Structures are given as C-alpha cells and as structure tokens.
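Only one chain is given next, in structure tokens, and it is the form deposited in one PDB entry.
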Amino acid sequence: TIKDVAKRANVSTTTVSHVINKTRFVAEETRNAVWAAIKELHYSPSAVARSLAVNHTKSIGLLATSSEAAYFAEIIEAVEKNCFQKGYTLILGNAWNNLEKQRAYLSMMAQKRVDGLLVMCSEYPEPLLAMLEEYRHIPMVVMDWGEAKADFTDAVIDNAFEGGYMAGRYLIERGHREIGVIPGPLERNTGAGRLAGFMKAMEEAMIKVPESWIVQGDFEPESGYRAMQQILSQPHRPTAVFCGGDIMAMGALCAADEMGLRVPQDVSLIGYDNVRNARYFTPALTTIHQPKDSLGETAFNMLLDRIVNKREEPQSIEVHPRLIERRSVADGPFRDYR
C-alpha cells in the first residue's frame, strides 16, 4: 500500500516513507503530494511491517494475575495511562496463578515480541521463577515481590512489612491488646509480608495473638466474611481486627453487621490497601494506603529505561505505605493507661 501512495504521488516509497516519519528533508511540494495521496488512499501504515523492519513493536505486555480485583484493577489502569502517554500499546494477560496459563501467555508474548514485560504473578514457585529466566532476554520488571528474588529482572518493592507494622502500632496505640488478624495468602508478599510486619509490632508489645484469632483470607470479600465470622463466633473475641486487604475488609464489615456487631463500637477494624472506595465502605474505612499509581509508573519507568537506555543491571525501587485514618477504629480499653 505504501507503493500505492508513492505511485499516486509520483515519488519513491523511500520518499513517502521519510515524509511520513519526517526522517530526512523533503521539498514542500513533494511533501504535500504525499500527504494528498496518503489522504485519498486513506492510508494507514502497517505497524507490523514497520516492526518487522525496525525491530521493536512499541508495545508492552502485562502478565498479570486477575484484573477485576480493585487492587489489581487500580494498578493496571495506572500502567495503561503510562504506556499511552509514551506511545506504547498494552497487552493485558491474566494467568490466574496457573502455571500453564502462565507458560502460555509468556510464549504468545515473546512471539508477539513485546518490547518489555510487566510481571504481577502473585505467587512465585520455583517453576515459575524458572520460566521467567527463560525469557531473561526480554526486558522485564516484577511489580509484586517484597525483596528481589532474581538477578535477571528489575523490581519495585512495597515495604509490606513496614505497613504491617504500622497497622499493629496504630491498634496498640489506640488502646488495643486483644486483636485478631485475617491475613491474605502466605505465598504472597502482600500476604506473608504484611502479616509479619504486623506480628513484629505485637511481639514488641508482648501481645500474643492466640491462634483462634488468626484466620486466613484469600483477598476476596467472602474470606473476609467467613473469617470475621469465625473470629466473633468465639467465646472470647478481640476488640480489634487487622484485615490483610480492603475488600476482605469490606467482607468482615458485612458479617459483623450481620451478627449484629457494631463497627467500630463493638469491634474496630483496620484495613490495608486504601482502595478507591474504602472511604465509602460503611463505616469509612481506616486503612494503610499502598501507593498504587506510583507503584505503576515506577515500574513503567524502570522498564523503559532498560528498553531505551539498554541497561543490563537489575534495579530495584522501594515505595512507601502510609496510614490513612478513617472511621472504623476506636479507642481500646488501654488507651488511658499509656
């Protein structure tokens, strides 16, 4: 079709090309003609052809987990903005924590020749690590580790442990000693990590959390529901609960209300994520905020670099959690005694 233009224009394709990508000087007349031709023929230049030639697709792939989940959803929306803004095309791929799906997506991606890769796999078993190395040649940055698990990628780290610690503290400082926790999957940073930071703060305070008080979530509202329930369903129940993520949080609020328990009057609840609607949870949720957007652009940035500045050495950027006080927490019984 580029020939078709050149022909109408009575110039070479080489010419047509250059004008289109202003990559060398072209006489005005000449320029105009090509533009005209380009217009009547309704010419869209093939990017595949161009990619074939130039050796880069100008498109980047997101090998995610799930994309509906608030947390995830927010990051992705961010990522895209960034790609758009710097002319990159986004390939969204959800592997659902399934190795096969993951080997699958990884391969189409490579074949489609993505310029770089954004990785959000949630859980990372050896096998997954292994596959990843297999594609060390394609530039990449993992956005979900707590510390860097491999030398062949960039990493952005979130300080999930310092956010976890922040949560317990707040609780401690507000009057609490009988507290419960509903963590997310231990095979995850946001899971394991947040829990540990949260547990440290407790040891520091000589607060022991009885095992019947710790109930595993999976980040979904239902787990929030089940757990909150199992927690208060007991003879002896805490006065405060630390919940691994805002959505499960929102689930624990339901159940409490359903048991007829008052928040935060009967139980205070602290969240984690500061998701876009957390303020509209009822009551407005006090949670720890995770810089999602920065989490996004920061990853993009490291990627681009590696891409354009062809960096070869793995980098790792840290980002920081921060408390957001809302209305779901209340003074504990020990407030005045501090």
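Residue numbers run from 1 along the displayed sequence. Rigid core here is just the name for the largest C-alpha set that superposes within 1.5 Å across the two forms.
As recorded in the PDB entry, 204-212 is the stretch of 204-212 and 162-170 with the greater mean C-alpha temperature factor. Higher mean CA temperature factor between 31-39 and 274-282: 31-39, per the PDB entry. In this structure the maximum Cα B-factor among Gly251, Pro183, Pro238, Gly197 is found at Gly197. When the C-alpha B-factors of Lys112, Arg226, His176, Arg188 are ranked from the entry, the top spot goes to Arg188. In this PDB entry, the Cα temperature factor of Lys101 sits in the bottom third of its chain's modelled residues, the lowest group.
Ranked by Cα temperature factor within the chain, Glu133 sits in the highest third according to the deposited record. When the modelled residues of the chain are ordered by C-alpha B-factor, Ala150 sits in the highest third. Among all modelled residues in its chain, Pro139 ranks in the highest third by Cα B-factor. When all modelled residues of the chain are sorted by CA temperature factor, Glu80 is found within the middle third.
What comes next is about the form deposited in another entry, which is not displayed.
Core-based superposition between the shown form and the other one shows that, of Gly163, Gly116, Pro238, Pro221, only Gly116 has its Cα displaced by 2 Å or more. Core-superposed comparison between the shown form and the other one: CA of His289 displaced by less than 2 Å. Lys200: CA moves less than 2 Å between the shown form and the other one after rigid-core fitting. With a cut-off of 2 Å and the rigid core superposed, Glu80 has a Cα displacement that reaches or exceeds the cut-off between the shown form and the other one.
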